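Enquirer: This structure is in structure tokens; I'll ask about it shortly.
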Number of protein chains: 4
Amino acid sequence: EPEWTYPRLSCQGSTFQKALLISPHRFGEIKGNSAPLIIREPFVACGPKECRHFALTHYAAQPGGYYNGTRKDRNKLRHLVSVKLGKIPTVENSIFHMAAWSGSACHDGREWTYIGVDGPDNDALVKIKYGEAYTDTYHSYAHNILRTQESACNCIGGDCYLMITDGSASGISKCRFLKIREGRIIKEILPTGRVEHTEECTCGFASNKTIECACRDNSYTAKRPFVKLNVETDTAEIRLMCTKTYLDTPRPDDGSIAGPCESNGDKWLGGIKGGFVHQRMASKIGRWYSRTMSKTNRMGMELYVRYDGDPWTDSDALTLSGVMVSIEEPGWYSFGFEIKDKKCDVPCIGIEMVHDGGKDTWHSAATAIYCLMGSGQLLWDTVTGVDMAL
Amino acid sequence: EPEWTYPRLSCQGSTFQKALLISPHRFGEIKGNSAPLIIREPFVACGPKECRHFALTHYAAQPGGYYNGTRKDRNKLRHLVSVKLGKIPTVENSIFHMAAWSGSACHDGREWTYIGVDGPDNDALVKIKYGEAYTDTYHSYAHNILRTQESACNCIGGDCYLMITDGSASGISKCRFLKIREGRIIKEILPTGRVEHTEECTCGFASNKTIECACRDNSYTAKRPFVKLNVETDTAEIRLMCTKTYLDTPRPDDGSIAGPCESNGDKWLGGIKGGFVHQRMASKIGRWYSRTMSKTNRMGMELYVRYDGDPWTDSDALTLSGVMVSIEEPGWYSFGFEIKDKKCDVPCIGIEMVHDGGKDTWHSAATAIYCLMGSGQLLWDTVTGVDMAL
Amino acid sequence: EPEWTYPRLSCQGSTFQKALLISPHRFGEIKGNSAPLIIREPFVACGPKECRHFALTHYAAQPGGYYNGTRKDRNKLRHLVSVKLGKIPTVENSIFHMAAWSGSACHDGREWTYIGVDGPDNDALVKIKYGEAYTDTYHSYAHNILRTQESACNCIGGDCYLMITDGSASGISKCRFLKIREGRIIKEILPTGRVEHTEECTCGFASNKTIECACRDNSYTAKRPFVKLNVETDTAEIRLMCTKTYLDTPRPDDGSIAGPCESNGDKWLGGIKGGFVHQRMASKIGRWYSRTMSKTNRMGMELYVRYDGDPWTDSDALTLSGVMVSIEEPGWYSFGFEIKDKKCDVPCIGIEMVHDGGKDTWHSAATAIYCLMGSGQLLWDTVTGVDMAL
Amino acid sequence: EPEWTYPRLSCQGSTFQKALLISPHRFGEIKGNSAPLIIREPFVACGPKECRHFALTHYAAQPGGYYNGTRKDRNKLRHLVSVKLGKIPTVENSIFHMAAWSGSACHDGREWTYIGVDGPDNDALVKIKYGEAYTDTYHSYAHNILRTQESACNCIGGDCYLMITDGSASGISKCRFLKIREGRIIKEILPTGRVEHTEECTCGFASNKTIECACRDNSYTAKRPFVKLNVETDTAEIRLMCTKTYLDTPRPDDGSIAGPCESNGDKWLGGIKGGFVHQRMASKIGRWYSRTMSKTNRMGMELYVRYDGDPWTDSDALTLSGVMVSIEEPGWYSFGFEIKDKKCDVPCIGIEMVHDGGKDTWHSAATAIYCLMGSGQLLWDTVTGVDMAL
Ligand SMILES: CC(=O)Nc1c(O)cc(C(=O)O)cc1[N+](=O)[O-]
Ligand SMILES: CC(=O)Nc1c(O)cc(C(=O)O)cc1[N+](=O)[O-]
Ligand SMILES: CC(=O)Nc1c(O)cc(C(=O)O)cc1[N+](=O)[O-]
Ligand SMILES: CC(=O)Nc1c(O)cc(C(=O)O)cc1[N+](=O)[O-]
Ligand SMILES: *[C@@H]1O[C@H](CO)[C@@H](O)[C@H](O)[C@H]1NC(C)=O
Ligand SMILES: *[C@@H]1O[C@H](CO)[C@@H](O)[C@H](O)[C@H]1NC(C)=O
Ligand SMILES: *[C@@H]1O[C@H](CO)[C@@H](O)[C@H](O)[C@H]1NC(C)=O
Ligand SMILES: *[C@@H]1O[C@H](CO)[C@@H](O)[C@H](O)[C@H]1NC(C)=O
Ligand SMILES: [Ca+2]
Ligand SMILES: [Ca+2]
Ligand SMILES: [Ca+2]
Ligand SMILES: [Ca+2]
Ligand SMILES: [Ca+2]
């Protein structure tokens, strides 16, 4: 039978190139004969033999007449769905896993674990599904919107670690960590370090002994609190990334926050998810970041890198690596994923491109994928090609 | 090759939580591009590697123009269909098994058996299908609408037991039992005890030596006749559940039926299916019941429990365990199902939520699933989110 | 790997009952969101692990605007398609095998062979497909519409035998036989006996040493020429069935054709396909026939039997066994099929029910299946439930 | 596990016959309920157990409202999609592999490699995908629309060879060759001989030691430069086919280009893809060509042959072998493919039939397949049966 997954050295490449685009709404005209689901919070988790495209649907499709409610984040209709990667998320292609308005996913070499969050805002709840079975739950500790990553969780030899959090968006949201094995929580990690507001952690293996996530602070700063989880002692420590190249949105001009690394500067009320992906080489490591082109809005998407060094102390700017999405195209949530080759892991960064015709219409995104391919420079950007009028 | 199924100890949990929702009609607008089938009598039967969502379709989809006939129970168009669980029951996703207007299903570790009932009301007939093969039938003994469970049948080491019945709804409907092995009836069980009217038996393993069903009495009482089948001697004995917490609908105020356990009280003409599921623990057992919130109507759904004791004699009230469906939401048929983990069985209760715009329109339901997850208390209810006007 | 198929003793039963109904057009309203293909000439061929529903589509779906041409039998658009049995023949569910306006199919325990016929009426051609590969062809010998069975072909230990024919409908159509192994014709059988007009042979194993087909004579008689192929010497002999119960349509009153068995009587210009299926028992054999209720038209369907005896000499009437389709319902082509159980073969008879709103509309059928189940008598008929106006 | 593919001797046959037709737009009426994708550049690549129908979709379906842009060759929406052969290329049936506006595909007995080209016209890029993984890229050497075959690539014992090119359509487009193993380029072949303009190479194994492609010269000639790649030394040599029967389009009367084989004659600005397929016999070889009936336009399709001899020197005319598509039907790109039997390879030629209602509408093709079957002569042509008004 199957064996447990561990990260290996990433495949060989020097830059990312444009891989794939799933734009369901290109097939959502009232004059079309198709039915793409209203979803957001998309992500890809790649198991051994396959990758899955997950998302939270509003239990609604376009065209239709259940548009009002779609721009809202949490309700009793949302669900975690998936289609194997490369398939359009239509009503029939999609498998509905469980009810949730927050979520994550990961395949341990042997099976899929699905994490989903639902219930009351004051008493929400985390739910685990191992394959087809409901196996566990984790309660709301801070009684203030229990949430999870919204990206892939990370398994190493049978144990998968998940980030959750709880608290006010404008205040203190302190995240814990969940160690799940066979769809059951075998440990509850309480991080150390700057813990004032950590949410929507994009986590990836920086080797076998450690996992690092670039995350989200909704209040206090435009910097990203950076996690490092030692899988061997089962301890967590978080501290803000020191790079003058700020990754959250909004943010001010770069290098504008004066003072030691550990200084938040101004609050810049809000945040956004950003893709973070390692390129574990033999003698060295590359970390890839992507951020919105706009500093106040969700317009555009550009990706950077900086090999080695320490996320925590390096004041320095990151090396820009090209533009995946132009300022005229949307650039919302971002996450990183990894494809399993025979003898190497391929790093990738997905970019949710939300179709936002505002308040009285439907609300869904597209998904542009970029993955490390060969050398030279990033060559093309992505456009959705969607007309919200059709 | 595959091995025979037996129940094991249920997985560890203390309460049920909201698992999943399949609302096909959320995708049935005339302005939509989808096609969910008009069905009712839904149920889930979980084999080793998978669960299936079954139902009797009126061989019709929404939107369409074959709505007139859908509110009726038996005709020559109805069929037993299935989709793996988590898939929406559309025209193309669904597999049609055989023609039937009554039915059941169960997977013996090796294959699916499908039971379906059709023919004339005066001479209906039970039909068995082992995998893809028609293998057997069982004739109408009381010539008065031969029917079956409408929920999952129960297999233990190669033998599956099914409940059937026959008779007037307003009168005497005495049920027999069918022992099927390899899609062929190897024994005909005639129960003992109070046998005046037993129908729509929700049956589940209360261990290896016994199966218990909470069922339906359409005439004589608002209590539920409770079955106990000893799989070892192949004998059946039925007696009304003594709980002051009445489970059928309609029913009067609880504890209102004065007298020994065995007393029907007033007729309360009618009944409904209710989900019943055991939580077999090592030193003890939990039985889970769900009933309509409304005592005269099919509005709402709440679930209870009471560990151990005897269904037959216990006059006592049951412990309420939360509300799965609110009084403003429908709560029709209910059934229990069990998911197969690696080393444990997960108990579940499905709730059919019928969309009933009455007499001159379409008639189909939704399916809300709740399964045992962790501890604390049931946290959320279900709503269909369907507008019968679209 | 897989082993070669041979017929075994049929499963145990005494009568046929109503098994399944595939009515695609129940989902073909202009107000529906579905797309069932315009097809006719449906048949089912059951391999080891599965049965397939085949048909010749006019490369068109309902609703649409390619209806004109559908009532015609041969054109350059027709194709042999299939869906596993129980699935509705829609545009996406269906697999297109090859181009043909005549056809057959059979699975040898190891793979599917697909036979299809196309080309000019004066120089048509038979084409073999083994799995996904084009392997062979067989030319038009009588240059007058080379055709094939329109039902399942029959394989025994690696060799499959197929009937073809060629000639005028109003005149002499002498059929040959094709022995195919691994998708290649290894022998060309020329039958013996009355060979004036044999077409659309419904063939089934009457044991290991022989295959018998009840067939079609378009000119000369309302009786059915009956084939017997000895698989051991590879010889064929045909002679008209002697039963006073005539099986072709049209036909006159039964027992009206005076004279020895071998007498055609009046021509009764025309014919139709009829399902023929054996029930090979240990000490005996049952042959099942179905014929139209109407003697001049294609209205209704009734099925008969007569165990043992000789198709060739028995003047006697057959035993009626019930009505599968009422005079108010259509009853066109019929064929027999067999389902593979673990230790027995289940006999079946399918009935094509053509939706014929005549000349200026669409033209497609439904498929009612009846299979041997238990004992007693056939209990129900089939209706399509289709309204050609929607 | 699986073993590496090598070509074997082709199956036995003498002529090609009409195999299959995939006309998605037959299901694209505004009154239909289907959704076929706007695609062109279709091709089939057959692995061991299966064949796939690939094409570059304009990320659009018919009916819809994204028609404007479809007649253009390169944009940021195009994608390489596939459906197993015999399935209609609809939105849900189709798998999207990667973004590309040029492409190829091939299965090495063990896995699928997908090649796709995208990026800026001045700096386009070749991209390799082994199974689900992005593994490599190859940059634009002549900075003038890096393109690839548009047909199947060819693998022999683990190594697959691909043709690419780069340059002006009106000028010098010199092609290189790519040797890919496990989805990574292990060698870059630079051909020898007449190398002025070689593009869209249709390549097939002429044995184990060699691969030959009949290709496209957009400027200089109406003859086809003919490649021969020695898989053993990894060298390439190209020279124009000498046949008086010219294969490119446009072309003048045949035998009109006076002079030695190596003479281009007049430019005949333009070209088209043509199917080329070998029939490797034991003592001899057959090469099959197909060309447009029209000499100036893309109307019709006829196929020829000539066994043995040398593509390079033979001035002679080819033997016509029938007409697959009539002058009243379109005949655009053509390619050759091979189906894997148990002990032999079946040669095939696909013909893209473009639906070209010009400038302000949708733009997609159909696919007619012809494969070697038995003997005698090609018997039928193909028509799409599409009405661009519906
Ligand atoms: C818990 C929750 O509602 N999830 C959530 C989203 O679904 C979306 C966004 C967002 O910033 O667009 C934000 C948040 N968020 O609150 O983090
Ligand atoms: C035999 C039959 O018609 N089945 C049936 C149903 O399908 C539904 C109901 C019902 O109470 O809604 C009731 C019954 N019932 O009669 O039990
Ligand atoms: C060869 C051919 O055209 N096949 C055919 C059909 O498809 C249908 C019928 C028929 O009697 O309805 C008849 C015939 N037939 O001619 O046998
Ligand atoms: C590179 C590119 O644009 N590919 C391409 C096509 O997609 C189509 C045609 C063509 O001749 O129709 C031609 C060409 N071509 O330029 O070869
Ligand atoms: C982690 O462990 C596995 C073996 O247990 C090894 O193959 C893998 O490469 C390790 N990770 C890295 C980056 O080396
Ligand atoms: C019933 O039998 C099987 C072994 O035959 C055992 O594993 C199972 O646990 C038993 N049921 C229970 C509740 O113990
Ligand atoms: C025909 O042959 C196989 C063994 O080769 C046997 O099992 C089968 O039963 C035979 N057919 C019948 C009716 O006995
Ligand atoms: C090429 O090699 C394989 C064995 O490696 C052989 O079977 C195949 O036939 C060869 N090709 C031809 C045409 O012989
Ligand atoms: Ca569909
Ligand atoms: Ca912030
Ligand atoms: Ca009652
Ligand atoms: Ca006749
Ligand atoms: Ca040219």
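Residues 77-466, in that order, are what chain C shows, numbered as in Swiss-Prot.
Structure method, as recorded: X-ray crystallography, 2.4 Å.
Backbone N, Cα and C atoms are what each Cβ position is placed from, and that goes for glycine too.
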Enquirer: In Swiss-Prot, C:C447 is listed as disulfide-bonded to which of the following: C:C420, C:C424?
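Expert: Disulfide mapping in Swiss-Prot sends C:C447 to C:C424.
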Enquirer: Can you tell which of C:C279, C:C318 is bonded to C:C289 by a disulfide, based on Swiss-Prot?
Expert: C:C279
Enquirer: For the Ca(2+) site that Swiss-Prot assigns to C:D293, C:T297, C:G346, which of C:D324, C:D384, C:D386, C:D390 is also named?
Expert: C:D324
Enquirer: Mind checking which of C:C229, C:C236 has the disulfide with C:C231 in Swiss-Prot?
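Expert: Out of the candidates C:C229, C:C236, the one Swiss-Prot links to C:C231 is C:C236.
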Enquirer: List, in residue order, those recorded positions out of C:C127, C:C229, C:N284, C:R374, C:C424 with a Cβ under 6 Å from any atom belonging to ligand 7.
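Expert: Result: C:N284.
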Enquirer: List the residues of the same chain that sit at least 6 positions away from C:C127 (disulfide bond) in sequence and have their Cβ under 8 Å from its Cβ, in sequence order, or write 'none'.
Expert: C:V120, C:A121, C:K160, C:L161, C:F413, C:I415
Enquirer: Under DSSP, is C:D149 (active site, proton donor/acceptor) helix, strand or coil?
Expert: coil
Enquirer: Just the number: how many Å between the Cα atoms of C:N144 (N-linked glycosylation site) and C:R116 (substrate binding site)?
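Expert: Roughly 15 Å, rounded to the nearest whole number.
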Enquirer: Mind running the recorded positions C:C87, C:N144, C:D149, C:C182, C:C277 against ligand 10 and keeping the ones whose CB falls under 6 Å of it?
Expert: none
Enquirer: So which of the recorded positions C:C87, C:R116, C:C127, C:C236, C:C289, C:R374 end up next to chain B, with Cβ to Cβ under 8 Å?
Expert: C:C87, C:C127
Enquirer: What is the interatomic distance between the Cα atoms of C:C277 (disulfide bond) and C:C289 (disulfide bond), given in whole Å?
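Expert: Distance (Cα to Cα, whole Å): 6 Å.
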Enquirer: Per DSSP, to which secondary structure element type does C:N284 (N-linked glycosylation site) belong, with helix, strand and coil as the options?
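Expert: For C:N284 (N-linked glycosylation site) - judged by DSSP and reduced to three states - the answer is coil.
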Enquirer: Roughly how many angstrom lie between the C-alpha atoms of C:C420 (disulfide bond) and C:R374 (substrate binding site)?
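Expert: That separation, Cα to Cα, works out to 33 Å.
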Enquirer: Using the residues the record lists for substrate (C:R116, C:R150, C:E275, C:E276, C:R292, C:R374), what whole-number Å value is the largest Cα to Cα distance?
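Expert: This binding site's residues have a maximal Cα-Cα distance of 21 Å.
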Enquirer: In whole Å, how far is C:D149 (active site, proton donor/acceptor) from C:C447 (disulfide bond) when you measure between their Cα atoms?
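Expert: Per the Cα atoms, C:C447 (disulfide bond) and C:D149 (active site, proton donor/acceptor) stand 29 Å apart.
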Enquirer: If I take the alpha carbons of C:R292 (substrate binding site) and C:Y409 (active site, nucleophile), what is the distance between them in whole Å?
Expert: 11
Enquirer: C-alpha of C:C236 (disulfide bond) to C-alpha of C:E275 (substrate binding site): distance in Å?
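Expert: Answer for this pair: 18 Å between alpha carbons.
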